[PDB]
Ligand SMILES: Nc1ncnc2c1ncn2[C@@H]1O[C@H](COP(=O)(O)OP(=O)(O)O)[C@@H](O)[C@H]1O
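A single chain, nothing else alongside it, follows as structure tokens in the form deposited without the ligand.
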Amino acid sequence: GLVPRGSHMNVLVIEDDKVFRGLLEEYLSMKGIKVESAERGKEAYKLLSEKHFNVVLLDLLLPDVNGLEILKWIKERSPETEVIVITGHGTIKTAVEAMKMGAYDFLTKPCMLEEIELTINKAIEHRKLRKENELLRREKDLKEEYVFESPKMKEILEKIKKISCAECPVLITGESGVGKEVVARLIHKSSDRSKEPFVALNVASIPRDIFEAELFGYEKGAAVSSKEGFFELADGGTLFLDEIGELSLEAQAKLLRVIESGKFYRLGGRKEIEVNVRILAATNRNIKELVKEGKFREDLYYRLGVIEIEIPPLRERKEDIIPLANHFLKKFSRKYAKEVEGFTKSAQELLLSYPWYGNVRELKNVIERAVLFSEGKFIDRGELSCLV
């Protein structure tokens, strides 16, 4: 209901009735919202075509226009615009129709002032949530194309297609420096919850204590106020745990319960929490050994590992090396405003013959350095020999 001082939410009030229109403009204005109004549909069409509005209050009983037609027009051209429709006490079902057509809520005319305020409040709130929701998602989408032409990565793609199971966990393994998050995303994209969020957690970059608190949440004590876990927040979606080797035994036990029952408790809590989260797990480690050393639960390992995607190292996928290296060269050449356009023939042969024990991470790091110190259009073998 309340907007930040430094925000410019634009609201249009379309209402032929002077008194009611005034009430609407007054409250919106009291709330620091930028308000404009129209008395007629024709006037509204013009305003809407020349200025974008974030929320619209729409009378469905205008004198010279059919309100639903404005709603329909707004939603096909500007679905980002939230519409609250204003109806009479007589016509309720027209309000229902409006909802079907994409309206957010409705106001019955007349009503109590408090009803108006509350309706407007929740409409403003809704817009802000949708805006921020879209912002954060698109910020993510921009931070992620995968280049893998090798036959082994292609067959991995084929294996991913074969996964028809919706909730079954998947384990993704590979040497240190091998990218496993790309594969996890591909699984998510092909899954039946592809339109639900995908959350990546780097288990190895967050200290344990804070990680378990973040993952499962906690209740007051053990630590001032309640904090829901990523598991609760990821309900309906997919949670990718980058390095499960870094889970404490206690976290592993909770994880298995989530996978098998969907029910668990926050840290030091007594409230059952119930979620449906699809687990994708990765590790650059030997879990089989960790189990034998008592550092990892056998039952969790079996559960995660039923479906396992083994990503082979770069040296076993030599077809991917040049495409990756060229991608990184292009990326960093632009970042650092360098002239370099490619690798010499001699340089490429060196890239292909090097084992890349660090795999893609090492490759990326080597190229970034080469690009940083490059001169002219090419990186030659000598510039890599030092590095690799």
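Sequential numbering from 1, following the sequence displayed.
In the deposited entry, the stretch joining residue 165 to residue 166 is continuous, with no residue of the deposited sequence left without coordinates. Per the record, residue 132 and residue 133 follow each other directly, and no deposited residue is missing between them.
On average the C-alpha atoms of 344-352 have higher B-factors than those of the other stretch, with 51-59 and 344-352 being the two compared. Between the stretches 92-100 and 271-279, it is 92-100 that shows the larger average CA temperature factor. The residue among 120, 187, 309, 291 whose C-alpha atom has the highest B-factor in the PDB entry is 291. In the PDB entry, the Cα temperature factor peaks, among 199, 153, 215, 113, at 113. Residue 65: CA B factor in the highest third of modelled residues in this chain (values from the PDB entry). Residue 286 sits in the highest third of its chain by CA B factor, as recorded in the PDB entry. In this PDB entry, residue 39 carries a Cα temperature factor that places it within the highest third of its chain's modelled residues. In the deposited entry, the Cα temperature factor of residue 127 places it in the lowest third of its chain's modelled residues. Residue 254 sits in the middle third of its chain by CA B factor, as recorded in the PDB entry.
One more form of this protein should be noted, the form solved in complex with the ligand, which is absent from this view; the next part is about it.
Site status: blocked, since the ligand, placed by superposing the C-alphas around its site in the entry with it bound, has 3 or more atoms within 2.4 Å of backbone or C-beta atoms. Residues of just one listed stretch (175-183, 117-125, 101-109, 249-257) have heavy atoms within 4.5 Å of the ligand in the entry with it bound: 175-183.
The partner is absent here, but in the entry with it bound a heavy atom of 147, alone among 147, 129, 223, 92, sits within 4.5 Å of the ligand. Put simply, of 70, 351, 55, 324 only one has a heavy atom within 4.5 Å of the ligand in the entry with it bound, and it is 324. Mapping the unseen interface onto this chain, residue 360 counts among the residues with a heavy atom inside 4.5 Å of the ligand in the entry with it bound. The closest non-hydrogen atom of residue 364 lies within 4.5 Å of the ligand in the entry with it bound. Mapping the unseen interface onto this chain, residue 328 counts among the residues with a heavy atom inside 4.5 Å of the ligand in the entry with it bound. Proximity of residue 82 to the ligand in the entry with it bound falls outside the 4.5 Å heavy atom cutoff. The partner is not shown here, but in the entry with it bound the stretch 224-249 reaches within 4.5 angstroms of the ligand through a heavy atom at 242 alone.
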